[PDB]
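All of the numbers you see were taken from the coordinates with simple rules; none came from a lab. For neighbour counting, all protein chains shown are included, and Cβ atoms are generated from backbone atoms with ideal geometry for every residue, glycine included.
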């Protein structure tokens, strides 16, 4: 059926659970375990907490919520934070903080499914 | 069926209830009890109560609502709070407070299902 | 069927009513009576009434609405209030008040189903 | 069927009407008459009319709308008011007023079904 | 069927119309005529027109819309007004005005169904 | 069927039209013609145009829209206005104006169905 | 069927068209042509353009949109305007303008169906 | 079927197209071509561009969008503009401008169906 | 079927495509190609960019989005702009600009279907 | 079926893919490849970034999002930008910028389907 | 079936996964792997972080969220950032930043499906 409506078989579910019980690495692990079409992730919220200028340096902090969903319908959502310090230009700091926040949120949300992740 | 619409069997329900009657640890317990696809959790609301600057120290407090849902449809929601004191940088304090709030909310919401959690 | 659509049997309903006629304790009682998947609770509204600073002390009051729902569809909603006085730090006072409000609301809403609760 | 969609039988309806023709007490009466799963109640609106400080005393007034619904679908909604005077602390006055308002609204809404209530 | 979808029988409709052709009293009359599950009422809107302080007295006026609905689906809505004068305390005046407004609205809306009401 | 979905019979429609071709009086006429469950009325909008204080007198004007609907689905909506002059107290003037506006709107909307009304 | 879903017969449609090809008068004509349950009208928008005070006289102008709908589903909407000049009191001017606007809108919208109207 | 869902026959469509290929006049033409129940028109938006006072004269301009729809479902929408100059009173200018705008919009939208209109 | 749900036949589609491969003129072409009931157009957005007063002259610019839809469901949307310069009166400039914008948008959107348009 | 719900055949899909693998020109190419009824395009968002006046010259920049959709349901969305410099009049600059933005967005969005575009 | 509802076959899924395990280049790779109708992409959010003027130079930073969806229903969303520095004109900087942000977001979102991308 369509994504979010299919169901696993007994053997497939058992194998997946056994493997589970035991950021490119985590993405590769997820693709190998669930399959390229077996999982999805999205961003539900993001905002900038503060942007401060020190003596020629920028300090930035970003928050982001990441939602991970499976083919069956189960989901997990967690928060991620990104920080950049000691940089000279605003753009690089903001870019790094925003990307790191999303990556950390994805990692934390994907850890909830098992110890392997 | 799809998540949120399936139903347990008599034997499975009895076994789950017997086991129930009796934050990585609680996550592992939940995955072992309900299964990797048997439970879900989400964040419904979050806000910053206050950010104050003392004599070189930051005090922060964060609130968060966490909703836990099962395969059948039952759900439980509870509040969690995170606090950071004595830190030097704003970003670390905010990150720690936000993550701790979500973790505490998840723990409290997952305790409502039984004594084992 | 799915949660919120199932119906009780005559014998089960009679037994539940007889037991009913007669905050970890109330949670345990509810789980024993209705079952781990037989009841649910949620938070519909919450706000801070006031935060005042006395001579080195914080006074806080919080309101919260708690909704309790059963497997059949019946529901009960009630208000709860939490107060903290004599504390030194804002964060602890707020946390205690917020949690106590939710707990009191849950207790009051769960009392409406019978004398046992 | 699900709550809000079932229908009474002729004998059950006749018995209920005969009994009807004739705040823990009213709750017990309702549970005995309709059953623990035969009625529900909720809060639709609530607000604080005024908070005034006299010579060391607090005067408070609260309004609340309470909606009572039955298994069949019939419903009744009424207003309730709570007042607190002569108290010393704001939190206790607010708590008492809010709870009393909800209780009075529930009583008034539950009186509309018959003389027994 | 569910409330708001059932239909009367010819004899029942004829008897009800004959009886109709001819605030606890009106409530009792309605319950006797339509039945405890044969009618419903609700509040759609309410507001405070003005609150004025005279030489130690409070003058208050409240408006309210009341909607009455039957089992078949027919409905009638009317306005009600409540006034309090000569009182000393704000809370009692507001409570009396608000309750009287709802009661008057219910009476006026219930009069539209026939002369008996 | 439910209200707003039923249909008339040929003889009933012919009789109703013949009678039609030819504020308690108009309400009684409508109830006698269409039946206690054959018509409905509601308020869609209402506002206060102005409140002015003359030399000890209040002048008030109110607008209201009234919608009348039948069992089949046909409907008619019209405006009504209420005015009060020469009164001493604000509350009585407002009450009279508001009620008169609704009554006039109902009359005008009910006149559109025929000459008898 | 329900209003807005029925369909005419060939003979009835032909007769209606022949009669069509050829404010109480227009209302009577419409009721005679389409039937008391064959047409409907409503108000979609209304506002006050201006209220000016001359040397003891009030000038008022009101706009209104009127929508006319038939049993089949066809509809026509048109604008109407009402003006009052030379009056002494605000309330009468406003009432007359508002009613005249609705009447003119109804007339203009009902003229679009044929020359007879 | 209901309006907006019926379909033409081959002969009727051919005749209508042949006639088409070739503001009371345009309304009469449309009623003769499509039928009294074969077309509809409505107003989707209207606003006042400007109102300026010259040396004792009013200049007004109004915009309006008119949507024309047929029985099958096809539709056409176009803009219309109305202007009044040299008038003495505001009300007459506004009325004339508003009505002329709607009429012009209807004409322009009805021209899109063919050369005959 | 209803508009927006029908489908072409193979021969009709082939003929239409062959003819396509090759503002009253474009309207006539569209009506001849698709048919009077084979195409539709609408306005989705419109606004005034600026209105400036030079030495006795008005400069105006208007934007408009035009959406063209066919019987099958295919659609095309494009922007149109209208400009008026050297005029003496505001109303004529605005009218001309607004109408020209819609016409240009219609032309551009209708050109996307083929070279013939 | 209706647009956005049909499906290609194996041979047609293979031919289209082979042709794909390899602003009037791109429009002609798209119409020849997918067909006059095989593709659609729309505008989802547009805004003006800035309008600055230099020494007698206007500088303008416009952004636009363009969404391209096919008969099956696949879609692609991309951003386009338009710039005008050295012009004398505001209207021409704005018109050119807005049209160029939409054209560039359409081109970029249509390039994503293959190398031929 | 329609896009977002179809399902892969076992052999096709296996081949796609094997190929996956291993910005025109990435677009070509995606079209070759999934097919011209096998994938889609869209923009969910975009904003300008800051626009600063240095000594004759413009510094710009843009954020964008890109959502990639497949035929089955699986999806992945990621953030992209674009920066422009050292440019002389605002328009070129903004255009380059906005386009680069979307391209980077597309690349990052498309990398999540496998190592080949």
Query raised in the report: To the nearest whole number, what is the average tally of beta carbon atoms from other chains within 10 Å of the beta carbons of peptide J:11-19?
Result: 1
Query raised in the report: By count of other Cβ within 10 Å, fewest leading, how are G:41, B:24 ordered?
Result: B:24, G:41
Query raised in the report: Looking at the square roots a ≥ b ≥ c of the eigenvalues of the Cα gyration tensor of the range J:1-45, which shape do they give, rounded for a/c under 1.5, prolate if a/b is larger than b/c, or oblate?
Result: oblate
Report summary line: Ordering I:80-89, K:46-55 by per-residue average of other C-beta atoms within 10 angstrom, highest first, gives I:80-89, K:46-55
Query - Calculated over chain E: convex hull of Cα atoms, volume per residue (Å³) - result: 104
Query raised in the report: Per-residue ellipticity at 222 nm for chain K, helices alone: DSSP H runs ≥ 4 residues times -39500 (n - 2.57), over residue total, nearest 500 deg cm²/dmol?
Result: -12500 deg cm²/dmol
Requested in this report: For peptide I:37-46, compute the average count of partner chain beta-carbon atoms within 10 Å of each residue's beta-carbon.
Outcome: 5
Requested in this report: Quick one, can you get me the convex hull of the C-alpha atoms of the range B:65-110 expressed as volume per residue in Å³?
Outcome: 56
Report task. Ignore the peptide's own chain and count Cβ atoms of other chains within 10 Å of each Cβ in K:96-102; give me the average, rounded. Result -> 3
Report summary line: Taking only the alpha-carbon positions of the protein assembly as shown as identical scatterers, the Debye log10 I(q)/I(0) at q = 0.04, 0.05, 0.08 Å⁻¹ comes out as -0.30, -0.49, -1.39
Report summary line: The rounded separation in angstrom of the Cα centers of the range E:43-70 and the range K:21-76 is 57
